[PDB]
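Those letters in the sequence shown? Residues 1 to 22, 29 to 195, per the authors' numbering, in order. Every residue gets a Cβ at the ideal spot worked out from N, C-alpha and C, and that includes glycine. Report on one structure; see the data block that follows.
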Amino acid sequence: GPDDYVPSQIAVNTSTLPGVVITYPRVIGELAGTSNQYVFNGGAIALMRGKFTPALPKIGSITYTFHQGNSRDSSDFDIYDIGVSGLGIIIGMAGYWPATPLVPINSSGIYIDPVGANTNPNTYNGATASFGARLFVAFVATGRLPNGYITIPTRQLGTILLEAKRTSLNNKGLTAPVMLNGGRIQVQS
Numbered sequence: 001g002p003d004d005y006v007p008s009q010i011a012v013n014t015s016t017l018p019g020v021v022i029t030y031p032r033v034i035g036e037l038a039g040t041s042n043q044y045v046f047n048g049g050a051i052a053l054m055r056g057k058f059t060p061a062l063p064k065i066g067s068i069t070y071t072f073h074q075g076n077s078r079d080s081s082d083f084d085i086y087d088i089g090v091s092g093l094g095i096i097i098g099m100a101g102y103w104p105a106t107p108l109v110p111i112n113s114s115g116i117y118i119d120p121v122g123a124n125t126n127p128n129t130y131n132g133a134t135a136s137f138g139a140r141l142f143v144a145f146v147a148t149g150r151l152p153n154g155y156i157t158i159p160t161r162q163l164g165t166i167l168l169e170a171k172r173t174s175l176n177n178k179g180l181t182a183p184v185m186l187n188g189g190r191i192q193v194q195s
């Protein structure tokens, strides 16, 4: 049916972090950016938008420019607690389409696409039959790290809430999970 959109997660992989070689806090590397055109898919064409809500505790803040995605200026990122001593992560998200800008995650909620919805509650994406996203995550050393292999747990970074112009689809409150797939990071001197 026209409102039968179903969610699918978007995730990044700890294994894509390059080898870390060592003031604080400081970004020690970026994970590979990921794209999912069908975070929500299945229903009929609609004007849609996605709001991200982070799920992890905030333990700090840092200014950073992602080397991936559309990011000329720096951004203020909240550092999120992943349960690993001495580490944190920062999150940027964007729309599926390549021209859309990286939206830094630094508040309890933000529209990742269209970014104009943050400054106009009437604004949605142009008519299409899916809502996608791009996910950017970087690791942050909150303190001096030991050398070796640090275990990173799989964690849910937050959810994307699907909103739409038409009331029936908006009323569903569909959500999709935003994931950090666990693994290991290598730290060297």
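Exercise for the section: Can you grab the Cα-Cα spacing for the pair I51 / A133, in whole Å? Expected result: 6 Å
Practice task
Can you grab the Cα-Cα spacing for the pair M99 / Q74, in whole Å?
Solution key: Rounded to whole angstroms, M99 to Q74 spans 11 Å at the Cα level.
Practice task
List the residues that DSSP assigns as beta-bridge partners of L37.
Solution key: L37 is not bridged to any residue.
Practice task
Would you kindly check if the distance between the Cβ of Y30 and the Cβ of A147 is under 7 Å?
Solution key: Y30 sits close to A147, with the two beta carbons spaced by under 7 Å.
Exercise for the section: Grab me the residues of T157's own chain with a C-beta within less than 7 Å of its C-beta, minus the 5 sequence neighbours each way, in chain order. Expected result: Excluding sequence neighbours, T157 sits near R190.
Problem - Three-pair Cβ contact test at 8 Å for the region 5-16 versus the region 167-187 - result: A contact exists between the region 5-16 and the region 167-187.
Practice task
Go ahead and label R32 buried or exposed: buried means 16 or more other beta carbons lie within 10 angstroms of its beta carbon, across all protein chains shown.
Solution key: exposed
Practice task
Classify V21 as helix, strand or coil using the three-state DSSP reduction.
Solution key: strand
Practice task
Measure the CB-CB distance between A123 and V45 and report whether it falls below 7 Å.
Solution key: no
Exercise for the section: Let me know the secondary structure DSSP gives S174 once reduced to three states. Expected result: helix
Exercise for the section: Would you identify the three-state DSSP class for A123, choosing helix, strand or coil? Expected result: helix
Practice task
Return the first residue and the last residue of the beta strand (DSSP E) that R140 is part of.
Solution key: 134-147
Handout entry: Span of the beta strand (DSSP E), counted from its first residue to its last, around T157
Key = That run of the beta strand (DSSP E) goes 154-158.
Problem - N-terminal and C-terminal residue of the beta strand (DSSP E) that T181 is part of - result: 181-187
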